[PDB]
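Asks: Before we start, here is the structure in question, set down as structure tokens.
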Amino acid sequence: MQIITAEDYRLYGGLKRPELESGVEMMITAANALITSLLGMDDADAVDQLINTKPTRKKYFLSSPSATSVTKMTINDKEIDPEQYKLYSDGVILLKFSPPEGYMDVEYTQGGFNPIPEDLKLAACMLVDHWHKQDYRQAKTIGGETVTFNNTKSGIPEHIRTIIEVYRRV
Amino acid sequence: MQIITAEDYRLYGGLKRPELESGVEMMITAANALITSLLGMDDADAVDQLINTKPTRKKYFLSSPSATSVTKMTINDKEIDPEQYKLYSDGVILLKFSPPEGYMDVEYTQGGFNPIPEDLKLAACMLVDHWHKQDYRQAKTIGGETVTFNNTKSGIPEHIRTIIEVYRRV
Amino acid sequence: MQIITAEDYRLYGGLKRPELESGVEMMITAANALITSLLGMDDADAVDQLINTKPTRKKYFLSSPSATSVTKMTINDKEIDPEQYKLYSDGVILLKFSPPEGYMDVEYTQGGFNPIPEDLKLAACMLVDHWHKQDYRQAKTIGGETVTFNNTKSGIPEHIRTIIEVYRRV
Amino acid sequence: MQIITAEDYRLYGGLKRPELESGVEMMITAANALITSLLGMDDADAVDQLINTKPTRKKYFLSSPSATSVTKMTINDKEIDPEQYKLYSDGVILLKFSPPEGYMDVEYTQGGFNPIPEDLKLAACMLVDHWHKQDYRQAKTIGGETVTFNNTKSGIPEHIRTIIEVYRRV
Amino acid sequence: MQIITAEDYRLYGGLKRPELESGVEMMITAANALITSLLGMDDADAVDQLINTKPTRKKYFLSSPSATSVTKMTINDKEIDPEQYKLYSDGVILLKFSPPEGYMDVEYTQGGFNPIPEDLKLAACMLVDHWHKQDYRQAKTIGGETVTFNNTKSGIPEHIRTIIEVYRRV
Amino acid sequence: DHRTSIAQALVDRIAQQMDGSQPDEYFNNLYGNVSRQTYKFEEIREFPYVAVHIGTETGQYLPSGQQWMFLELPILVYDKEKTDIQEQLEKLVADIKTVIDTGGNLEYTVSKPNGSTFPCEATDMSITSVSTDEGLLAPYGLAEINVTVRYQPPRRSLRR
Amino acid sequence: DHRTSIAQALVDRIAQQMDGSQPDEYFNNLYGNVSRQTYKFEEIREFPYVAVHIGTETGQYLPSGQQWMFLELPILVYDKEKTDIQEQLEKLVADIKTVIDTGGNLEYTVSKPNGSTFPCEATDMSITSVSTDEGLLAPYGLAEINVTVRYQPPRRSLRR
């Protein structure tokens with residue numbers, strides 16, 4: 001998963017140095033991974049999940065709502081066929097039969113966002129700036145000017161966290 | 001969804017530089033998406049929804065009150081016809097028959113605002129300014145002047161949040 | 001386990017002194033071990049675990065979810081064979097038979113992360129800087145400039161702790 | 001137990017005076033003993049322990065989880081033989097017979113860490129610095145510079161205590 | 001009991017005046033006695049103790065866990081013989097017979113520490129300095145420099161008290 | 002006016018002379034740890050380090066188009082103990098004072114809106130004072146240097 | 002410049018003259034309780050004690066490579082009552098003022114980057130003022146002394 005790369009940050013910052021320092025490029029590479037992970041996504045392509053099932057229940061929720069297609073499902077290692085269920089958006093499967101009690105094992109491909117939204121791309125740029133300028137402080141007074149920094153929350157600067165929470169899964 | 005574009009911000013700011021920097025144009029593109037999302041709208045055209053239904057109940061609420069027309073509805077994969085219901089504003093459907101118990105599946109087109117209200121257009125401009133001037137701080141004292149910033153709420157500056165909440169769905 | 005070595009820190013810092021001082025190299029060697037340990041991993045290759053078991057229960061959780069293969073398991077010193085169980089991701093074993101009551105003894109190889117994620121690599125660099133600059137203080141005012149440091153949590157600087165917690169096991 | 005000696009501190013500090021003052025060498029000798037003791041280890045080689053035992057119970061926990069071999073065990077001064085038990089890591093003994101009720105007396109050799117981890121070695125160096133610079137104060141302002149010290153916890157400076165707690169036994 | 005004498009303090013301080021003033025030598029003599037007493041030891045050689053005893057109970061705890069040998073014990077002024085008991089470390093006596101109800105009278109020699117640990121020797125030096133420099137104040141500002149003293153606990157300076165509590169008996 | 006270009010020129014001069022070609026002449030090598038745009042103390046991860054700051058620039062008019070201008074350069078030398086810090090700082094200050102007071106007048110290259118860069122020279126350039134840290138932090142220490150420069154711009158009002 | 006080496010030289014001179022060889026000349030012996038690098042009041046465990054601090058160093062250029070430099074040494078004398086403290090301080094100040102104003106000009110040994118040390122001499126050296134504590138603490142008291150020194154460095158710009 002890449003939310004930004006060097007050209008995206010270069011556009012945002014307006015940088016005209018011919019190249020980034022290794023600092024910025026490492027911080028970009030870490031920022032991609034961290035924002036990937038705080039959303040609760042992961043970068044796997046095919047996912048395997050094991051679900052407890054009961055005959056009283058026939059809606060089941062897949063572990064990642066971007067799941068795009070189920071590719072095997074089986075109960076007690078008895079396989080069942082694509083006519084016996086329906087797959088709806090946000091990774092909801094509806095069984096058309098009441099299942100035997102026990103464990104269900106399912107394989108699916110999880111896809112992702114497409115295209116990456118511009119607000120995530122901005123929030124990533126602001127995080128890279130946050131580490132790069134070392135703005136993890138409460139105040140500074142170099143020379144005469146002086147600033148006081150945000151009341152950070154979960155250690156994430158508050159002005160970033162709103163954009164994460166607008167997408168933070170679960 | 002576009003609440004503003006470059007000309008709207010140019011009018012608000014009174015800018016006479018011949019062009020925006022890539023900073024401002026990216027911030028505009030992110031601001032459209034964020035305000036789109038904090039209202040709880042989405043930019044899909046056709047929506048599919050699955051509703052639990054019971055014979056005791058015959059008012060049902062669509063997931064997005066700007067829904068403009070139902071285009072299919074079915075119960076237990078038994079289709080039913082437009083004489084058997086009535087569709088009212090804010091996405092309220094009233095059934096003219098007491099339904100069989102179980103799942104209802106419905107397709108509808110969700111429309112949106114038209115025209116975009118001027119208060120949202122202003123709030124978007126103020127958000128773009130907020131990121132652009134980097135006013136996510138508690139204070140600054142460059143030179144002699146000095147300012148103290150709003151007591152932000154949900155990390156959204158307080159003077160913006162009123163306009164969102166006047167429209168924030170649910 | 002090595003999350004960083006001297007070249008990784010040299011890239012992050014942009015150092016052009018020909019060598020690190022023994023201070024930095026010791027701090028790197030300690031930082032590897034500490035971040036290894038705060039995640040709750042350990043650097044053992046083969047692990048032995050003893051589990052209480054009951055006939056009512058047939059899912060069992062291995063002590064380290066990166067476990068890659070079970071290599072012996074036995075109950076009451078009666079050995080059992082790889083057809084009698086299934087091993088799933090995150091170190092979940094599912095028994096295909098209801099076990100005799102008592103103690104289960106199991107050997108497995110625990111693997112680890114691969115490749116080490118870039119966010120851990122960054123957090124390690126920031127920790128090395130934290131000790132090296134001696135930023136375990138609340139404020140400093142050398143000369144005219146002045147800074148106030150983070151509201152540290154569990155004694156770990158707050159801007160580091162988010163990256164740990166995104167991976168902190170259990 | 002030696003976590004550091006003079007050469008380890010000399011490497012960490014980068015000292016090029018030809019010798020340490022007696023202050024530093026005494027502080028090193030005290031620091032070894034204190035960190036030895038706050039971990040809850042002790043420097044004994046062979047340990048004797050008396051345990052209350054009941055026929056309902058057959059797991060018993062040795063007093064120091066680095067115990068490497070039991071060398072005698074007896075119940076009511078009736079000796080029992082190494083086939084009648086099994087000794088697992090972290091000083092867990094599992095009896096293969098249900099014991100007579102009463103007191104069990106056991107001798108074992110307790111070993112220790114090997115090799116001493118680099119994070120303890122660092123924490124010891126930071127403690128020696130803490131006493132040596134006399135940084136058990138809340139603030140100082142000699143000349144113009146000024147510093148404020150950590151919010152110490154259990155009287156141990158907070159930036160040291162995390163490394164202890166990562167190993168603090170029980 | 002002597003934890004320090006003049007040569008120990010002279011080594012710690014690095015004093016090269018030819019002699020101590022009577023102030024320092026009295027403070028050393030008081031410091032020995034106070035640290036002797038805050039540990040809850042005493043400087044007696046032979047100790048006599050009277051214990052209430054009951055036939056239900058056969059472990060008895062001596063008043064000072066450094067007790068090295070029982071030298072008489074008697075019940076109701078009926079003497080009993082060294083085969084009828086066993087004496088374990090930390091001054092635990094285990095009777096091999098269930099005693100008649102009433103008072104037990106026992107004589108034992110209490111020994112002490114040997115050798116005196118270096119941490120006590122340091123803490124004594126720091127206490128002598130504390131009285132000698134008259135650092136029982138909250139602040140001073142002689143000339144331009146300025147200091148603020150520890151948040152003392154039980155009236156004992158906090159940086160001393162940890163070393164006492166690591167040994168404080170009971 | 003040449004405030005940044007002069008600071009750049011002096012940074013270049015420090016790097017060039019310190020580099021190692023003067024081994025019985027300068028106590029140290031800096032390996033390029035002298036700079037103009039990376040000077041906040043958080044930025045520094047090596048020691049020693051030399052940070053150049055730009056002071057107030059002032060002017061003085063003269064009868065027929067000439068004018069003097071004066072610049073201050075506050076210089077900060079940051080260092081970390083290995084020997085006692087006051088002796089190390091004494092070495093670094095002795096080196097940089099030598100580099101100030103020996104060799105020719107400081108040359109700088111004035112870049113022009115026409116795209117050229119014209120080689121020019123600072124007329125007089127003078128270190129005025131030194132101070133050092135109280136020593137409360139350790140192993141870190143600091144020395145201040147105050148440098149002054151006088152130079153004359155292009156003769157603007159008569160060229161026009 | 003010779004700031005530390007001068008302070009060291011004066012410390013050596015105080016220890017050498019005070020030591021005891023002048024028993025009808027100096028009131029006291031210091032037994033080596035005079036120092037340059039152990040001067041924070043917490044450090045002192047004996048009384049009397051003499052602490053040497055290093056002031057601002059300033060320069061003054063002269064027509065052909067010569068320059069003067071001036072140094073301040075704030076000196077602190079810490080003492081503890083046995084007699085009334087103001088009489089003890091009067092003794093110590095009288096001793097140290099004598100050691101300042103008698104004997105030859107202060108010699109110091111300038112260590113060089115080539116490895117040598119060149120014996121040199123401070124041209125003029127002058128105690129300027131004294132003050133004493135208010136006496137609120139007891140038995141401890143303090144006297145300030147302000148010393149000034151003028152000296153000339155090696156003739157750097159003409160040797161080069």
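Chains as they are written, first to last, in the authors' numbering: chain P, 1 to 170; chain Q, 1 to 170; chain S, 1 to 170; chain R, 1 to 170; chain Q', 1 to 170; chain a, 2 to 161; chain b, 2 to 161. A prime marks a further copy of an entry chain.
Where is the CB? At the ideal position from N, CA and C, for every residue including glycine.
1) Do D135/P and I163/P count as a contact pair if the criterion is CB distance below 8 Å?
2) If I follow the unbroken alpha helix (DSSP H) through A6/Q, where does it start and stop?
3) If you measure beta-carbon to beta-carbon, which residues of the region 29-49 of chain R are closer than 7 Å to chain Q'?
4) What residue range is occupied by the uninterrupted alpha helix (DSSP H) comprising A124/R?
5) Within the same chain, show all residues whose beta-carbon is closer than 6 Å to that of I93/Q, passing over the 5 residues directly before and after it, in chain order.
6) Return no unless some Cβ of chain P is closer than 8 Å to the Cβ of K86/Q.
7) If you measure beta-carbon to beta-carbon, which residues of the region 27-52 of chain a are closer than 7 Å to chain P?
8) Can you tell which of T118/a, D20/a, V100/a and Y27/a has the C-alpha that lies nearest to the C-alpha of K113/b?
9) Between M126/b and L143/b, which are expected to be in contact by the criterion C-beta below 8 Å, what is the C-beta distance as a whole number of angstroms?
10) How is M19/b classed by DSSP in three states: helix, strand or coil?
11) Closer than 8 Å is the cut-off here; do at least three beta carbon pairs connect the region 145-154 of chain R with the region 91-106 of chain Q'?
12) Use the C-beta contact count for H159/S: other C-beta atoms within 10 angstroms, 16 or more gives buried, fewer gives exposed.
13) Do you know offhand how far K16/R's Cα is from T84/a's?
14) Go ahead and label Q138/Q' buried or exposed: buried means 16 or more other beta carbons lie within 10 angstroms of its beta carbon, across all protein chains shown.
15) Kindly confirm or deny that the region 23-36 of chain S and the region 106-119 of chain R touch, where touching means at least three C-beta pairs closer than 8 Å.
16) Below 8 Å on the Cβ atoms is my guess for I142/P versus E145/S; work out the distance and round it to an integer in Å.
17) Of all the residues that make up the region 132-161 of chain b, which are near chain Q' by a beta-carbon distance shorter than 7 Å?
18) Less than 8 Å between CB atoms is the rule here; does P18/Q' satisfy it with respect to chain b?
19) For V100/b and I15/b, I'd like the C-alpha separation in whole angstroms.
20) From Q110/P, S22/P and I156/P, pick the residue whose C-alpha is nearest to that of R161/S; which is it?
21) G102/P lies in the alpha helix (DSSP H); which residues open and close that run?
22) Alpha carbon to alpha carbon, how far is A139/a from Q9/a? Give it in angstroms, no decimals.
23) Based on the DSSP output, what are the partners of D80/a in its beta bridges?
24) If distances are taken between C-alpha atoms only, which option among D43/Q, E7/Q, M26/Q and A6/Q comes closest to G14/P?
25) Across which residues does DSSP place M126/b in a beta bridge pair?
26) Would you list, in chain order, the members of the region 136-165 of chain P that have their beta-carbon closer than 8 Å to a beta-carbon of chain S?
27) For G91/P, count neighbouring Cβ atoms within 10 angstroms of its own Cβ and tell me buried if that reaches 16, exposed if not.
28) Would you give the residue range spanned by the alpha helix (DSSP H) that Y167/S belongs to?
29) Taking 8 Å as the threshold (beta carbon to beta carbon), is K92/a in contact with chain R?
30) Classify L159/a as buried or exposed, calling it buried when 16 or more other Cβ atoms lie within 10 Å of its own Cβ.
31) Which value, in whole angstroms, describes the spacing of the CA atoms of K81/a and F48/a?
32) Quick check on the burial criterion: 16 or more other C-beta atoms within 10 angstroms. Buried or exposed for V128/P?
33) Quick one: is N114/P buried, meaning 16 or more other Cβ sit within 10 Å of its Cβ, or exposed?
34) Applying the 10 Å Cβ sphere with the 16-neighbour rule, what's the burial state of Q2/Q'?
35) Under 8 Å between the Cβ atoms of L72/b and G56/b?
36) Quick one: grab the DSSP three-state call for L39/Q.
Replies: The short version:
1) Position 163 of the first sequence, counted from the start, is the residue given in the question as residue 163/P. Position 135 of the first sequence, counted from the start, is the residue given in the question as residue 135/P. For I163/P and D135/P, no; Cβs fall outside 8 Å.
2) In the second sequence, counting from the first residue as 1, residue 6/Q sits at position 6. From DSSP, the alpha helix (DSSP H) with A6/Q extends over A6 to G13.
3) Along the region 29-49 of chain R, going in chain order, the ones with a CB nearer than 7 Å to a CB of chain Q' are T29, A30, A33, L34 and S37.
4) In the fourth sequence, residue 124/R corresponds to position 124, counting from 1. Under the DSSP assignment, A124/R falls in the alpha helix (DSSP H) whose first and last residues are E118 to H132.
5) By one-based count along the second sequence, residue 93/Q stands at place 93. Closer than 6 Å at the Cβ level, and outside the excluded window around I93/Q, lie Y60, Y85 and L87.
6) Numbered from 1 along the second sequence, position 86 holds the residue referred to as residue 86/Q. Not an interface residue.
7) Under the 7 Å Cβ criterion, the region 27-52 of chain a contributes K41 and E43.
8) Position 112 of the seventh sequence, counting from 1, holds the residue named residue 113/b. Comparing alpha-carbon positions, the option among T118/a, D20/a, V100/a and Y27/a lying closest to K113/b turns out to be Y27/a.
9) What you label residue 126/b is simply residue 125 of the seventh sequence in a count that begins at 1. What you label residue 143/b is simply residue 142 of the seventh sequence in a count that begins at 1. Contact check for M126/b and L143/b: beta-carbon distance about 23 Å, past the 8 Å limit, so the pair fails to qualify.
10) In the seventh sequence, counting from the first residue as 1, residue 19/b sits at position 18. In the structure shown, the three-state DSSP call for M19/b is helix.
11) Fewer than three beta-carbon pairs drawn from the region 145-154 of chain R and the region 91-106 of chain Q' are found closer than 8 Å, and the two stretches are therefore not classed as touching.
12) Counting from one through the third sequence, the residue named residue 159/S turns up at place 159. In this structure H159/S is buried. Its beta-carbon is surrounded by 16 or more other beta-carbon atoms within 10 angstroms.
13) Position 16 of the fourth sequence, counting from 1, holds the residue named residue 16/R. Position 83 of the sixth sequence, counting from 1, holds the residue named residue 84/a. Spanning the two alpha carbons is a distance of roughly 6 Å.
14) Here residue 138/Q' corresponds to residue number 138 of the fifth sequence, with the count starting at 1. So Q138/Q' counts as exposed.
15) Taking 8 Å as the limit for Cβ pairs, the verdict is that the region 106-119 of chain R does touch the region 23-36 of chain S.
16) Counting from 1 along the first sequence, the entry for residue 142/P is found at position 142. Counting from 1 along the third sequence, the entry for residue 145/S is found at position 145. At roughly 5 Å, the Cβ-Cβ gap stays under 8 Å, so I142/P and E145/S are in contact.
17) For the region 132-161 of chain b, the set of residues with a beta-carbon nearer than 7 Å to any beta-carbon of chain Q' comprises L138 and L143, in chain order.
18) The residue given as residue 18/Q' occupies position 18 in the fifth sequence. With 8 Å as the cut-off, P18/Q' counts as an interface residue toward chain b.
19) Numbered from 1 along the seventh sequence, position 99 holds the residue referred to as residue 100/b. Numbered from 1 along the seventh sequence, position 14 holds the residue referred to as residue 15/b. Looking at the two C-alpha atoms, the distance is approximately 7 Å.
20) Taking the third sequence and counting its residues from 1, the one referred to as residue 161/S is at position 161. Considering only alpha carbons, the answer is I156/P.
21) As a working note, residue 102/P is residue 102 in the first sequence. Looking at the DSSP string, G102/P is not in any alpha helix (DSSP H); the run it does join, the beta strand (DSSP E), is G102 to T109.
22) Counted from its first residue, the sixth sequence places residue 9/a at position 8. Counted from its first residue, the sixth sequence places residue 139/a at position 138. Their Cα atoms are separated by approximately 31 Å.
23) In the sixth sequence, counting from the first residue as 1, residue 80/a sits at position 79. In the DSSP assignment, the residues bridged to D80/a are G142/a.
24) Position 14 of the first sequence, counting from 1, holds the residue named residue 14/P. For the residues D43/Q, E7/Q, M26/Q and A6/Q, the minimum Cα distance to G14/P belongs to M26/Q.
25) On the seventh sequence, residue 126/b is found 125 positions in, with the first residue counted as 1. When beta bridges are read from the DSSP output, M126/b appears opposite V150/b.
26) Those residues of the region 136-165 of chain P placed with their C-beta closer than 8 Å to a C-beta in chain S are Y136, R137, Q138, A139, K140, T141, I142, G143, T152, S154, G155 and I156, ordered along the chain.
27) Indexing the first sequence from 1 puts residue 91/P at position 91. That one is buried.
28) Reading the third sequence from its first residue, position 167 is the one you call residue 167/S. For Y167/S, the enclosing alpha helix (DSSP H) begins and ends at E158 to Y167.
29) Here the question's residue 92/a lines up with position 91 in the sixth sequence. So, not an interface residue.
30) Walking along the sixth sequence from the start, residue 159/a turns up at place 158. With fewer than 16 other Cβ atoms within 10 Å, it is exposed.
31) The sequence position of residue 81/a within the sixth sequence is 80, counting from 1. The sequence position of residue 48/a within the sixth sequence is 47, counting from 1. Straight-line Cα distance between these residues: approximately 6 Å.
32) Reading the first sequence from its first residue, position 128 is the one you call residue 128/P. Buried.
33) Within the first sequence, residue 114/P is the residue found at index 114, counting from 1. Around the beta carbon of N114/P, fewer than 16 other beta carbons lie within 10 angstroms, which makes this residue exposed.
34) Start at 1 with the first residue of the fifth sequence, and residue 2/Q' comes out as number 2. A residue is called buried once 16 or more other Cβ atoms fall within 10 Å of its Cβ, and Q2/Q', having fewer, is exposed.
35) Translated into positions along the seventh sequence, residue 72/b becomes position 71. Translated into positions along the seventh sequence, residue 56/b becomes position 55. Contact annotation: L72/b and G56/b have beta-carbon atoms nearer than 8 Å.
36) Indexing the second sequence from 1 puts residue 39/Q at position 39. Per DSSP, reduced to three states, the secondary structure at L39/Q is coil, with no helix or strand assignment.
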